[PDB]
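As provided, coords_2.txt (compact mmCIF, C-alpha atoms and all ligand atoms) reads as follows.
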# COMPACT_ATOMS: atom_id res chain seq x y z
CA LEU A 1 73.73 141.79 62.84
CA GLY A 2 76.18 138.99 63.63
CA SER A 3 74.06 136.90 66.01
CA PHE A 4 73.90 133.24 65.02
CA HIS A 5 70.56 131.77 63.98
CA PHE A 6 69.55 128.34 62.75
CA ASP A 7 66.16 128.54 61.03
CA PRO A 8 65.13 125.24 59.39
CA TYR A 9 62.29 127.16 57.73
CA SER A 10 64.85 129.32 55.84
CA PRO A 11 65.58 128.88 52.11
CA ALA A 12 69.24 129.45 53.01
CA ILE A 13 69.19 126.27 55.11
CA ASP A 14 67.39 124.37 52.30
CA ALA A 15 70.17 125.28 49.87
CA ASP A 16 73.26 124.97 52.11
CA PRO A 17 72.77 123.80 55.69
CA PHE A 18 76.32 122.62 56.12
CA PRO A 19 78.17 125.75 57.32
CA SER A 20 75.44 126.35 59.89
CA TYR A 21 75.58 122.70 60.94
CA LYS A 22 79.31 123.10 61.56
CA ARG A 23 78.80 126.18 63.73
CA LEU A 24 76.17 124.24 65.65
CA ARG A 25 78.53 121.32 66.22
CA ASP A 26 81.52 123.44 67.15
CA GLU A 27 80.01 126.41 68.99
CA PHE A 28 76.38 125.60 69.89
CA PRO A 29 76.04 121.81 70.31
CA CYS A 30 72.70 122.11 72.15
CA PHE A 31 71.18 125.15 70.46
CA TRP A 32 67.80 126.77 71.04
CA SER A 33 66.34 127.86 67.69
CA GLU A 34 63.76 130.60 68.24
CA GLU A 35 62.44 130.21 64.69
CA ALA A 36 61.77 126.49 65.11
CA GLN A 37 61.03 126.76 68.84
CA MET A 38 63.10 123.67 69.50
CA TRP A 39 66.57 122.58 70.55
CA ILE A 40 69.00 121.39 67.86
CA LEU A 41 71.35 118.44 68.28
CA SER A 42 74.13 118.45 65.70
CA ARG A 43 77.04 116.26 66.82
CA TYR A 44 77.06 112.61 65.71
CA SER A 45 77.47 111.18 69.21
CA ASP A 46 74.67 113.29 70.71
CA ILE A 47 72.28 112.32 67.92
CA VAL A 48 73.09 108.61 68.32
CA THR A 49 72.46 108.82 72.07
CA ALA A 50 69.21 110.76 71.71
CA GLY A 51 67.89 108.60 68.89
CA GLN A 52 68.54 105.42 70.87
CA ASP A 53 67.00 106.84 74.06
CA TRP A 54 63.37 106.83 72.95
CA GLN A 55 62.23 106.88 76.59
CA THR A 56 63.71 110.38 76.88
CA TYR A 57 63.30 111.55 73.26
CA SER A 58 59.79 110.58 72.20
CA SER A 59 58.39 110.31 68.68
CA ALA A 60 54.77 110.21 69.90
CA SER A 61 54.20 113.92 69.17
CA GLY A 62 55.39 113.55 65.58
CA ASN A 63 58.81 113.00 64.01
CA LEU A 64 58.55 115.38 61.04
CA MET A 65 59.85 118.88 61.71
CA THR A 66 56.45 120.28 60.68
CA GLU A 67 53.45 118.64 62.11
CA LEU A 68 51.39 115.64 60.93
CA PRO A 69 47.61 115.77 61.46
CA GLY A 70 46.27 112.26 61.89
CA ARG A 71 46.30 109.01 63.87
CA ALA A 72 49.77 108.63 65.39
CA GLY A 73 48.83 105.45 67.28
CA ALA A 74 48.62 103.56 63.98
CA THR A 75 51.88 104.92 62.51
CA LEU A 76 55.43 103.82 63.10
CA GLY A 77 57.18 107.17 62.78
CA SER A 78 54.96 109.01 65.27
CA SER A 79 54.61 106.27 67.90
CA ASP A 80 56.66 105.08 70.81
CA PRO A 81 57.15 101.51 72.02
CA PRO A 82 55.46 99.27 72.97
CA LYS A 83 52.85 100.02 70.31
CA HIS A 84 55.49 101.00 67.76
CA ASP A 85 57.31 97.70 68.19
CA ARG A 86 54.17 95.59 67.83
CA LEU A 87 53.42 97.34 64.55
CA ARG A 88 56.98 97.20 63.29
CA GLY A 89 57.32 93.51 64.11
CA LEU A 90 54.23 92.66 62.09
CA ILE A 91 55.29 94.80 59.13
CA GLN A 92 58.80 93.34 59.15
CA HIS A 93 57.23 89.88 59.21
CA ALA A 94 55.25 90.80 56.09
CA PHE A 95 58.44 92.07 54.44
CA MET A 96 60.14 88.75 55.16
CA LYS A 97 57.28 86.72 53.72
CA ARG A 98 57.24 88.70 50.47
CA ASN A 99 61.04 88.64 50.09
CA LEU A 100 62.00 92.23 49.33
CA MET A 101 65.03 91.31 47.25
CA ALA A 102 62.73 89.47 44.83
CA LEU A 103 61.65 92.95 43.71
CA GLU A 104 64.77 92.90 41.49
CA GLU A 105 62.81 92.22 38.31
CA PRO A 106 59.87 94.66 38.71
CA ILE A 107 62.24 97.40 39.84
CA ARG A 108 64.65 96.83 36.96
CA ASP A 109 61.71 96.72 34.55
CA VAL A 110 60.56 100.11 35.87
CA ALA A 111 64.08 101.52 35.64
CA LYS A 112 64.53 100.42 32.02
CA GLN A 113 61.14 101.89 31.06
CA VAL A 114 61.64 105.17 32.89
CA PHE A 115 65.23 105.91 31.95
CA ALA A 116 64.75 105.01 28.29
CA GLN A 117 62.97 108.37 28.09
CA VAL A 118 66.28 110.29 28.34
CA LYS A 119 68.17 108.25 25.75
CA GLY A 120 69.99 110.62 23.41
CA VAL A 121 68.52 113.75 25.03
CA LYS A 122 70.83 116.77 25.21
CA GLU A 123 69.41 118.12 28.48
CA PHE A 124 66.81 116.94 30.97
CA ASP A 125 65.54 117.42 34.51
CA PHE A 126 66.31 114.36 36.64
CA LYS A 127 63.29 115.20 38.80
CA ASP A 128 60.96 113.82 36.14
CA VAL A 129 62.55 110.40 35.75
CA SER A 130 63.37 110.07 39.45
CA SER A 131 59.81 110.85 40.61
CA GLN A 132 58.35 108.47 38.04
CA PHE A 133 60.74 105.73 39.12
CA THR A 134 60.15 106.33 42.83
CA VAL A 135 56.36 106.13 42.70
CA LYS A 136 56.43 103.13 40.36
CA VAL A 137 58.77 101.31 42.78
CA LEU A 138 56.42 101.93 45.70
CA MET A 139 53.42 100.83 43.62
CA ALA A 140 55.16 97.64 42.48
CA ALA A 141 56.31 96.81 46.01
CA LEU A 142 52.96 97.44 47.70
CA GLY A 143 50.88 95.93 44.93
CA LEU A 144 49.07 99.05 43.75
CA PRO A 145 47.88 98.24 40.21
CA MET A 146 50.14 99.80 37.60
CA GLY A 147 49.71 100.91 34.02
CA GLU A 148 47.57 103.62 32.47
CA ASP A 149 45.03 100.85 31.72
CA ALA A 150 44.59 100.14 35.45
CA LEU A 151 41.17 101.06 36.83
CA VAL A 152 42.77 104.09 38.50
CA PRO A 153 45.47 105.13 35.98
CA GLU A 154 49.04 105.16 37.23
CA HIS A 155 49.69 108.83 36.52
CA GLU A 156 46.79 109.77 38.78
CA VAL A 157 48.32 107.78 41.63
CA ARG A 158 51.69 109.44 40.97
CA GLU A 159 50.16 112.91 40.91
CA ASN A 160 48.50 112.40 44.29
CA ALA A 161 51.51 110.65 45.81
CA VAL A 162 53.81 113.47 44.70
CA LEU A 163 51.45 116.17 46.00
CA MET A 164 50.58 114.57 49.36
CA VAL A 165 54.22 114.64 50.50
CA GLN A 166 54.62 118.33 49.64
CA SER A 167 53.99 121.23 51.98
CA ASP A 168 53.25 124.91 51.57
CA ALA A 169 56.47 126.66 50.58
CA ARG A 170 55.80 129.62 52.87
CA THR A 171 54.83 127.92 56.14
CA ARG A 172 56.32 124.45 55.44
CA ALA A 173 53.01 123.04 56.71
CA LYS A 174 50.39 121.09 54.78
CA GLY A 175 47.62 122.92 52.97
CA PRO A 176 44.17 121.77 51.88
CA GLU A 177 45.37 120.30 48.58
CA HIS A 178 48.02 118.22 50.37
CA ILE A 179 45.51 116.86 52.87
CA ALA A 180 43.07 116.19 50.01
CA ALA A 181 45.77 114.19 48.22
CA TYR A 182 46.39 112.19 51.39
CA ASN A 183 42.69 111.45 51.75
CA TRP A 184 42.47 110.51 48.05
CA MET A 185 45.33 108.08 48.60
CA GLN A 186 43.71 106.62 51.73
CA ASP A 187 40.53 105.93 49.76
CA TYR A 188 42.48 104.48 46.85
CA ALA A 189 44.59 102.25 49.10
CA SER A 190 41.47 101.06 50.93
CA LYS A 191 40.01 99.74 47.68
CA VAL A 192 43.22 97.87 46.86
CA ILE A 193 43.42 96.41 50.38
CA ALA A 194 39.87 95.09 50.12
CA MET A 195 40.69 93.50 46.76
CA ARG A 196 43.80 91.83 48.20
CA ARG A 197 41.85 90.55 51.21
CA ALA A 198 39.46 88.83 48.80
CA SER A 199 42.27 87.45 46.60
CA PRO A 200 45.77 87.71 48.11
CA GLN A 201 48.61 88.34 45.67
CA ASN A 202 52.42 88.34 45.71
CA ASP A 203 52.73 91.90 47.01
CA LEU A 204 53.25 93.71 50.30
CA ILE A 205 49.62 94.74 50.89
CA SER A 206 48.52 91.10 50.73
CA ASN A 207 51.25 90.13 53.19
CA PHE A 208 50.20 92.91 55.57
CA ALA A 209 46.72 91.40 55.79
CA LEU A 210 48.10 87.88 56.22
CA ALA A 211 50.93 88.55 58.69
CA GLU A 212 50.42 86.96 62.12
CA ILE A 213 52.75 86.44 65.08
CA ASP A 214 51.23 84.21 67.78
CA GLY A 215 47.64 85.24 67.08
CA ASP A 216 48.44 88.95 66.65
CA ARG A 217 47.52 90.77 63.45
CA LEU A 218 47.26 94.32 62.15
CA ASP A 219 43.75 95.70 62.67
CA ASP A 220 41.73 97.47 59.97
CA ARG A 221 43.12 100.89 60.86
CA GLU A 222 46.61 99.38 60.81
CA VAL A 223 46.85 97.71 57.39
CA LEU A 224 45.54 100.92 55.80
CA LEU A 225 47.76 103.30 57.74
CA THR A 226 50.77 101.03 57.15
CA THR A 227 50.15 101.11 53.39
CA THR A 228 49.67 104.87 53.26
CA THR A 229 52.54 105.83 55.54
CA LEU A 230 54.91 103.61 53.53
CA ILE A 231 53.82 105.43 50.37
CA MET A 232 54.32 108.76 52.12
CA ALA A 233 57.69 107.87 53.63
CA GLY A 234 59.01 106.23 50.47
CA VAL A 235 57.99 108.95 48.03
CA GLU A 236 59.40 111.80 50.11
CA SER A 237 62.68 110.15 51.08
CA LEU A 238 63.56 107.95 48.11
CA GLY A 239 62.64 110.56 45.52
CA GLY A 240 64.75 113.17 47.26
CA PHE A 241 67.68 110.84 47.67
CA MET A 242 67.57 109.72 44.02
CA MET A 243 68.09 113.40 43.24
CA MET A 244 70.91 113.77 45.80
CA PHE A 245 72.81 110.78 44.37
CA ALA A 246 72.58 112.06 40.79
CA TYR A 247 73.57 115.52 42.03
CA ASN A 248 76.70 114.08 43.61
CA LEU A 249 77.67 111.99 40.59
CA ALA A 250 77.03 114.93 38.26
CA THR A 251 79.23 117.12 40.46
CA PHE A 252 82.14 114.73 41.12
CA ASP A 253 83.48 113.52 37.77
CA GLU A 254 85.87 110.91 39.14
CA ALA A 255 83.14 109.22 41.20
CA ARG A 256 80.74 109.18 38.26
CA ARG A 257 83.32 107.76 35.87
CA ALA A 258 84.24 105.09 38.42
CA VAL A 259 80.74 103.76 39.04
CA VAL A 260 79.83 103.87 35.34
CA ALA A 261 82.91 101.82 34.46
CA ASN A 262 82.39 99.47 37.44
CA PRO A 263 78.73 99.41 38.51
CA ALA A 264 79.67 97.07 41.36
CA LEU A 265 80.85 100.24 43.09
CA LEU A 266 77.34 101.68 43.20
CA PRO A 267 76.38 100.31 46.65
CA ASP A 268 79.45 101.92 48.25
CA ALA A 269 78.84 105.20 46.42
CA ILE A 270 75.20 105.16 47.57
CA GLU A 271 76.33 104.77 51.19
CA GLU A 272 78.75 107.69 50.83
CA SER A 273 75.90 109.82 49.40
CA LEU A 274 73.66 108.83 52.33
CA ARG A 275 76.43 110.03 54.65
CA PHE A 276 77.45 113.10 52.65
CA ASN A 277 73.88 114.32 52.10
CA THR A 278 70.89 112.20 52.94
CA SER A 279 67.56 113.54 51.76
CA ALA A 280 66.20 112.90 55.28
CA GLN A 281 68.13 115.66 57.01
CA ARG A 282 66.28 116.64 60.22
CA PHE A 283 63.67 114.95 62.41
CA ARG A 284 62.11 115.89 65.71
CA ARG A 285 61.55 114.39 69.13
CA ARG A 286 59.84 115.58 72.30
CA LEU A 287 61.53 115.52 75.70
CA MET A 288 59.86 113.27 78.27
CA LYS A 289 62.00 114.64 81.13
CA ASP A 290 64.47 117.44 81.77
CA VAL A 291 67.88 116.87 80.19
CA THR A 292 71.04 118.89 80.73
CA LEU A 293 73.39 118.70 77.74
CA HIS A 294 76.49 120.82 77.08
CA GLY A 295 75.48 123.20 79.85
CA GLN A 296 71.98 123.76 78.45
CA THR A 297 68.93 122.84 80.52
CA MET A 298 66.40 121.34 78.12
CA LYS A 299 63.00 120.85 79.72
CA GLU A 300 60.28 118.21 79.66
CA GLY A 301 57.89 118.95 76.81
CA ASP A 302 60.45 120.86 74.77
CA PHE A 303 61.04 119.63 71.24
CA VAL A 304 64.44 118.64 69.87
CA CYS A 305 65.77 118.35 66.32
CA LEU A 306 67.98 115.38 65.48
CA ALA A 307 69.99 116.78 62.56
CA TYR A 308 71.09 113.54 60.94
CA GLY A 309 72.58 115.54 58.07
CA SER A 310 74.85 117.32 60.57
CA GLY A 311 75.96 114.24 62.47
CA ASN A 312 76.99 112.66 59.17
CA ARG A 313 79.29 115.64 58.50
CA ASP A 314 80.90 115.52 61.97
CA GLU A 315 84.69 115.15 61.76
CA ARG A 316 84.55 113.62 65.25
CA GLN A 317 83.11 110.53 63.54
CA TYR A 318 84.21 110.81 59.89
CA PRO A 319 87.66 112.17 58.98
CA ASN A 320 87.58 114.83 56.24
CA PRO A 321 83.76 114.75 56.43
CA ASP A 322 83.23 117.31 53.65
CA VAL A 323 85.07 115.10 51.15
CA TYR A 324 82.86 112.96 48.91
CA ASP A 325 84.84 109.70 48.82
CA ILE A 326 82.99 106.73 47.37
CA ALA A 327 85.74 104.45 48.69
CA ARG A 328 85.04 105.58 52.27
CA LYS A 329 82.59 102.74 53.03
CA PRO A 330 81.06 104.71 55.92
CA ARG A 331 79.63 102.62 58.73
CA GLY A 332 77.07 103.74 61.25
CA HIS A 333 75.96 106.73 59.23
CA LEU A 334 72.70 108.45 60.14
CA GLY A 335 71.26 108.78 56.63
CA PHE A 336 68.49 106.29 57.56
CA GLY A 337 68.31 107.44 61.17
CA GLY A 338 69.02 105.04 64.00
CA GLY A 339 67.36 103.18 66.80
CA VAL A 340 63.90 101.74 66.89
CA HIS A 341 62.71 104.05 64.08
CA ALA A 342 65.64 103.40 61.71
CA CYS A 343 64.30 103.46 58.18
CA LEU A 344 61.95 100.56 57.57
CA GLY A 345 62.62 100.98 53.86
CA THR A 346 66.42 100.66 54.12
CA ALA A 347 66.72 97.45 52.11
CA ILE A 348 64.16 98.50 49.49
CA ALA A 349 65.87 101.88 49.09
CA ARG A 350 69.37 100.43 48.74
CA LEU A 351 68.13 97.97 46.10
CA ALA A 352 66.06 100.53 44.22
CA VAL A 353 68.76 103.21 43.98
CA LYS A 354 71.33 100.60 42.91
CA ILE A 355 69.13 99.21 40.13
CA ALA A 356 68.00 102.68 39.04
CA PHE A 357 71.53 103.94 38.50
CA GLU A 358 72.70 100.67 36.95
CA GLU A 359 70.10 101.23 34.23
CA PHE A 360 70.31 105.05 34.08
CA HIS A 361 74.05 104.86 33.44
CA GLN A 362 73.57 102.42 30.56
CA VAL A 363 71.36 105.06 28.92
CA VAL A 364 73.39 108.16 29.95
CA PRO A 365 76.96 107.09 30.85
CA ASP A 366 78.29 110.66 31.23
CA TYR A 367 76.50 113.78 32.45
CA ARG A 368 77.07 116.98 34.41
CA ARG A 369 75.01 119.67 36.08
CA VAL A 370 73.74 122.40 33.80
CA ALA A 371 73.58 124.88 36.69
CA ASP A 372 75.95 126.47 39.18
CA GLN A 373 73.19 127.65 41.52
CA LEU A 374 70.28 125.18 41.78
CA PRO A 375 66.86 125.76 43.36
CA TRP A 376 66.30 123.70 46.51
CA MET A 377 63.03 122.28 47.79
CA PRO A 378 61.41 124.08 50.75
CA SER A 379 61.23 121.53 53.55
CA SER A 380 62.06 121.68 57.23
CA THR A 381 62.78 117.91 57.23
CA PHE A 382 63.99 116.90 53.78
CA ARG A 383 66.53 118.29 51.34
CA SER A 384 66.82 117.87 47.57
CA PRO A 385 66.95 120.11 44.50
CA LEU A 386 63.67 121.30 43.03
CA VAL A 387 65.24 120.99 39.56
CA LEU A 388 68.30 118.87 38.72
CA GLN A 389 69.03 119.85 35.14
CA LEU A 390 71.61 117.46 33.68
CA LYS A 391 73.42 117.69 30.34
CA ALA A 392 74.68 114.63 28.50
CA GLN A 393 78.46 114.74 28.13
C1 LIG B 1 67.07 106.82 50.33
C2 LIG B 1 65.82 106.60 50.74
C3 LIG B 1 65.34 106.83 52.18
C4 LIG B 1 65.88 107.57 53.16
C5 LIG B 1 67.16 108.42 53.09
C6 LIG B 1 65.07 107.42 54.34
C7 LIG B 1 65.29 108.02 55.56
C8 LIG B 1 64.63 107.71 56.72
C9 LIG B 1 64.94 108.20 58.04
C10 LIG B 1 66.12 109.14 58.34
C11 LIG B 1 64.06 107.69 58.91
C12 LIG B 1 64.01 107.91 60.44
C13 LIG B 1 63.07 109.04 60.83
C14 LIG B 1 63.10 109.27 62.32
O1 LIG B 1 64.14 109.00 62.97
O2 LIG B 1 62.08 109.77 62.87
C15 LIG B 1 63.14 106.87 58.16
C16 LIG B 1 62.08 106.16 58.68
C17 LIG B 1 61.15 105.45 57.95
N1 LIG B 1 61.19 105.19 56.60
FE1 LIG B 1 62.66 105.82 55.34
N2 LIG B 1 64.02 106.59 54.02
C18 LIG B 1 64.16 106.19 52.70
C19 LIG B 1 63.32 105.34 52.02
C20 LIG B 1 62.20 104.75 52.53
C21 LIG B 1 61.33 103.85 51.79
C22 LIG B 1 61.55 103.47 50.32
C23 LIG B 1 60.33 103.49 52.61
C24 LIG B 1 59.14 102.54 52.35
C25 LIG B 1 59.20 101.61 51.40
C26 LIG B 1 60.56 104.11 53.89
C27 LIG B 1 59.77 103.98 55.01
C28 LIG B 1 60.08 104.44 56.26
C29 LIG B 1 59.32 104.23 57.47
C30 LIG B 1 57.99 103.47 57.55
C31 LIG B 1 59.95 104.83 58.49
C32 LIG B 1 59.51 104.87 59.98
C33 LIG B 1 60.02 103.61 60.68
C34 LIG B 1 59.66 103.59 62.15
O3 LIG B 1 59.23 104.63 62.70
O4 LIG B 1 59.84 102.53 62.78
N3 LIG B 1 61.70 104.89 53.81
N4 LIG B 1 63.51 106.90 56.82

Will you turn the file into structure tokens for me?
Ligand code: HEM
Amino acid sequence: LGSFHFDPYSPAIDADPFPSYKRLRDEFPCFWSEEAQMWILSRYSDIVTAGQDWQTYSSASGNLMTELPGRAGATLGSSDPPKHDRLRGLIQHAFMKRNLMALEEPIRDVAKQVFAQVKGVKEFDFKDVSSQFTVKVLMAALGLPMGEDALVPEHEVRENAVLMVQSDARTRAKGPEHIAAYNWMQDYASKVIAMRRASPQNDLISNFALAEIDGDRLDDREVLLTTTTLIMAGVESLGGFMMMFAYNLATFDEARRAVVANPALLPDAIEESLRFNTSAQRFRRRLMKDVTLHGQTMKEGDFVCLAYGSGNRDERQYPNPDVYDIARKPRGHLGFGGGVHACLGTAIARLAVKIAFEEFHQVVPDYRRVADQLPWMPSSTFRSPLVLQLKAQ
């Protein structure tokens, strides 16, 4: 009794990691967690340094806190340069050719359709609308055919996208149904990719197949794995963050009233929510050499947790860090990571959340949490409520 532990597999850390993060930063800034069997970095400046130093802190053994089964050499998140940079350059080229900000209309169309479903409703769970919106945004961006009339109906894609990002609550690892959903999605994406190769369209999948930089192109394994890992990354992170932003606005009346009255404040409020509580809380790296930090002798081959959610609450970087201040305009926050793996979806996410809440707030201009104590999702990497029950006010 009394000994300090940090267990990212613990439901206590799902629900409220922040007091433990503060003890890490203040008392144990390079902490060995016996439950995670890895070191924990918690201070903003240490996380920035480690995230930038990919030669020391490798992603090639996986970047999720709990492990990913497949082909890391074709993924961005679980690869190191130079391969990572070749892939990222080609994908960013495809993003440029499509023009991500021209997704304004399909995203706003989705938002109007989804959030109309809570018009006039006394009480609802934001998880439903936010998951629907999230998957529809990824489908519209990639070019996965939408509508229940589509050959593969939309709700079936959503069901498999939502399941494939989940993990077993007990072990926080993937189970057979999660791997089956991933393989279903790989097969589904493969059929769309073939169709877009035959007849390119104004979507991201088509631009993945067409992108070339001085004779280089993404190979067959690479267009597929790019499509599927963008679905995976987007659904897990954007869906969780949609919930975090609504949770904050429901909790902090003055912030909610301000952005509803002046929706031009939404981008700043979104950045303060990314700082205050990103959905993408904790990622891992593997040491490529021995590193001594704060008196601790980390060893080659050890794993390390970059607790982005802790660095963003570090008073050494952000004064009064536990204050939710939508006027803060935080710069350099870690809500999207940092370095060569900084979120590839940053611009899409910022646009999508902005448009979603523009339209949501026209349907429901005032709302609060129903609950004091909320249930939180079991994840060693991500954080969001399982249920975000809101009441119209
Ligand atoms: C609010 C929404 C989102 C948040 C908070 C978020 C957060 C993050 C974070 C923290 C990382 C870095 C992980 C690491 O350091 O290992 C990351 C990487 C990544 N994200 Fe996001 N993400 C969001 C939305 C998206 C979306 C919508 C997409 C796709 C459309 C996406 C695709 C990716 C990819 C592909 C990577 C890996 C990039 C690389 O390794 O070079 N994310 N995200």

Neighbouring residues of ligand LIG 1 (chain B) are defined here as those with any atom at most 8 Å from a ligand atom, counting only C-alpha atoms and all ligand atoms; list them as a PDB file with C-alpha atoms, in the frame of the given file.
ATOM      1  CA  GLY A  51      67.890 108.600  68.890  1.00  0.00           C
ATOM      2  CA  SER A  59      58.390 110.310  68.680  1.00  0.00           C
ATOM      3  CA  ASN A  63      58.810 113.000  64.010  1.00  0.00           C
ATOM      4  CA  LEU A  64      58.550 115.380  61.040  1.00  0.00           C
ATOM      5  CA  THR A  75      51.880 104.920  62.510  1.00  0.00           C
ATOM      6  CA  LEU A  76      55.430 103.820  63.100  1.00  0.00           C
ATOM      7  CA  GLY A  77      57.180 107.170  62.780  1.00  0.00           C
ATOM      8  CA  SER A  78      54.960 109.010  65.270  1.00  0.00           C
ATOM      9  CA  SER A  79      54.610 106.270  67.900  1.00  0.00           C
ATOM     10  CA  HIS A  84      55.490 101.000  67.760  1.00  0.00           C
ATOM     11  CA  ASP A  85      57.310  97.700  68.190  1.00  0.00           C
ATOM     12  CA  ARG A  88      56.980  97.200  63.290  1.00  0.00           C
ATOM     13  CA  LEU A 138      56.420 101.930  45.700  1.00  0.00           C
ATOM     14  CA  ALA A 141      56.310  96.810  46.010  1.00  0.00           C
ATOM     15  CA  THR A 226      50.770 101.030  57.150  1.00  0.00           C
ATOM     16  CA  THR A 229      52.540 105.830  55.540  1.00  0.00           C
ATOM     17  CA  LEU A 230      54.910 103.610  53.530  1.00  0.00           C
ATOM     18  CA  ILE A 231      53.820 105.430  50.370  1.00  0.00           C
ATOM     19  CA  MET A 232      54.320 108.760  52.120  1.00  0.00           C
ATOM     20  CA  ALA A 233      57.690 107.870  53.630  1.00  0.00           C
ATOM     21  CA  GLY A 234      59.010 106.230  50.470  1.00  0.00           C
ATOM     22  CA  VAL A 235      57.990 108.950  48.030  1.00  0.00           C
ATOM     23  CA  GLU A 236      59.400 111.800  50.110  1.00  0.00           C
ATOM     24  CA  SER A 237      62.680 110.150  51.080  1.00  0.00           C
ATOM     25  CA  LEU A 238      63.560 107.950  48.110  1.00  0.00           C
ATOM     26  CA  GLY A 239      62.640 110.560  45.520  1.00  0.00           C
ATOM     27  CA  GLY A 240      64.750 113.170  47.260  1.00  0.00           C
ATOM     28  CA  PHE A 241      67.680 110.840  47.670  1.00  0.00           C
ATOM     29  CA  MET A 242      67.570 109.720  44.020  1.00  0.00           C
ATOM     30  CA  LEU A 274      73.660 108.830  52.330  1.00  0.00           C
ATOM     31  CA  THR A 278      70.890 112.200  52.940  1.00  0.00           C
ATOM     32  CA  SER A 279      67.560 113.540  51.760  1.00  0.00           C
ATOM     33  CA  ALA A 280      66.200 112.900  55.280  1.00  0.00           C
ATOM     34  CA  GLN A 281      68.130 115.660  57.010  1.00  0.00           C
ATOM     35  CA  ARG A 282      66.280 116.640  60.220  1.00  0.00           C
ATOM     36  CA  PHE A 283      63.670 114.950  62.410  1.00  0.00           C
ATOM     37  CA  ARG A 284      62.110 115.890  65.710  1.00  0.00           C
ATOM     38  CA  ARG A 285      61.550 114.390  69.130  1.00  0.00           C
ATOM     39  CA  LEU A 306      67.980 115.380  65.480  1.00  0.00           C
ATOM     40  CA  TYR A 308      71.090 113.540  60.940  1.00  0.00           C
ATOM     41  CA  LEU A 334      72.700 108.450  60.140  1.00  0.00           C
ATOM     42  CA  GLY A 335      71.260 108.780  56.630  1.00  0.00           C
ATOM     43  CA  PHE A 336      68.490 106.290  57.560  1.00  0.00           C
ATOM     44  CA  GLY A 337      68.310 107.440  61.170  1.00  0.00           C
ATOM     45  CA  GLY A 338      69.020 105.040  64.000  1.00  0.00           C
ATOM     46  CA  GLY A 339      67.360 103.180  66.800  1.00  0.00           C
ATOM     47  CA  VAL A 340      63.900 101.740  66.890  1.00  0.00           C
ATOM     48  CA  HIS A 341      62.710 104.050  64.080  1.00  0.00           C
ATOM     49  CA  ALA A 342      65.640 103.400  61.710  1.00  0.00           C
ATOM     50  CA  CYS A 343      64.300 103.460  58.180  1.00  0.00           C
ATOM     51  CA  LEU A 344      61.950 100.560  57.570  1.00  0.00           C
ATOM     52  CA  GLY A 345      62.620 100.980  53.860  1.00  0.00           C
ATOM     53  CA  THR A 346      66.420 100.660  54.120  1.00  0.00           C
ATOM     54  CA  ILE A 348      64.160  98.500  49.490  1.00  0.00           C
ATOM     55  CA  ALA A 349      65.870 101.880  49.090  1.00  0.00           C
ATOM     56  CA  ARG A 350      69.370 100.430  48.740  1.00  0.00           C
ATOM     57  CA  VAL A 353      68.760 103.210  43.980  1.00  0.00           C
TER      58      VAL A 353
END

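Close contacts of segment 290-299 of chain A, defined as residues with an atom at most 9 Å away when counting only C-alpha atoms, with chain neighbours fewer than 3 positions off set aside, comprise residues 28, 29, 30, 31, 39, 46, 56, 287, 302, 303 and 304 of chain A.
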
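Nearest residue to residue 128 of chain A among A:102, A:145, A:74, A:159 is A:159, counting all atoms listed in the file.
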
**Asked** Which is closer to residue 218 of chain A than all the others in A:323, A:60, A:90, A:100, using only C-alpha atoms?
**Response** A:90

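Nearest to residue 252 of chain A of all the residues A:307, A:271, A:208, A:367 is A:367, counting all atoms listed in the file.
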
**Request:** Would you kindly return, as a VMD selection string, each protein, DNA or RNA residue with an atom no farther than 12 Å from any atom of residue 322 of chain A, considering only C-alpha atoms and excluding same-chain residues fewer than 6 positions away?
**Result:** chain A and resid 18 to 19 21 to 22 272 to 273 275 to 277 309 to 315 328

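With only C-alpha atoms as the basis for measurement, A:130 is the residue among A:130, A:61, A:113, A:201 that approaches residue 245 of chain A most closely.
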
**Message:** I need the residue nearest residue 14 of chain A from this list: A:62, A:67, A:393, A:384. Use all atoms listed in the file for the distance.
**Reply:**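 Looking only at the distances to residue 14 of chain A, the closest residue turns out to be A:384.
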
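Between residue 195 of chain A and the candidates A:209, A:362, A:58, A:160, the tightest atom-to-atom separation, counting only C-alpha atoms, involves A:209.
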
**Item:** Non-local contacts of residue 15 of chain A (6 Å; all atoms listed in the file; under 2 positions in same chain excluded) as a VMD selection string
**Value:** chain A and resid 12 to 13 376

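Distance-wise, atom CA of residue 330 of chain A and atom CA of residue 250 of chain A end up 20.8 Å apart.
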
**Asked** What lies within 12 Å of residue 246 of chain A using only C-alpha atoms, ignoring chain neighbours under 4 positions off, as a PyMOL selection string?
**Response** chain A and resi 125-127+129-130+239-242+250-253+255-256+259+266+269-270+273+277+353-354+356-357+360-361+364-369+384-385+387-391

**Message:** Show me the residues close to (54.6, 88.4, 43.7) - anything with an atom within 10 Å, counting all atoms listed in the file - and format the list as an MDAnalysis selection string.
**Reply:** chainID A and resid 98:99 102:103 106 140:141 143 200:204 206

Writer output for current selection, C-alpha atoms, as a tab-separated table (two decimals), in the frame of the given file:
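Listing of out_26.tsv after writing:
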chain	number	residue	atom	x	y	z
A	98	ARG	CA	57.24	88.70	50.47
A	99	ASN	CA	61.04	88.64	50.09
A	102	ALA	CA	62.73	89.47	44.83
A	103	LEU	CA	61.65	92.95	43.71
A	106	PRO	CA	59.87	94.66	38.71
A	140	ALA	CA	55.16	97.64	42.48
A	141	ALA	CA	56.31	96.81	46.01
A	143	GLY	CA	50.88	95.93	44.93
A	200	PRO	CA	45.77	87.71	48.11
A	201	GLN	CA	48.61	88.34	45.67
A	202	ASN	CA	52.42	88.34	45.71
A	203	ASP	CA	52.73	91.90	47.01
A	204	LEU	CA	53.25	93.71	50.30
A	206	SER	CA	48.52	91.10	50.73
